[PDB]
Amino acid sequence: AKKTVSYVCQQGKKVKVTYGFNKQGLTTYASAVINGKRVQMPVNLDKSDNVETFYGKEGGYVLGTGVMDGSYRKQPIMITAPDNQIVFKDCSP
């Protein structure tokens, strides 16, 4: 099961993100279209905690958000590039 959310961020940047959900109701990935290219970021269970979910791996793009269940449309997000610069900042749905 997929669900898509459109966001507006700092400096007017816009991004659409698609979240995958398994049969347990947990998210498995976040897929963001960045310069026209689909960037799929797998959920990072080692880095996720009671307040924040992270998607992505070292060397790739990394998405950070709140706790995601079928909650997900009310969460803010941020996306950091491989160089560690926050390229989508303070994003709201």
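All residue numbers are counted from 1 along the displayed sequence.
Going from residue 70 to residue 71, you skip over 1 to 3 residues of the deposited sequence that the entry leaves unmodelled. Averaged over their C-alpha atoms, the temperature factors of 5 to 13 and 80 to 88 are higher for 5 to 13. Averaged over Cα atoms, the B-factor as recorded in the entry is higher for 46 to 54 than for the other of 28 to 36 and 46 to 54.
Among the modelled residues of the chain, residue 64 sits in the lowest third by CA temperature factor in this PDB entry.
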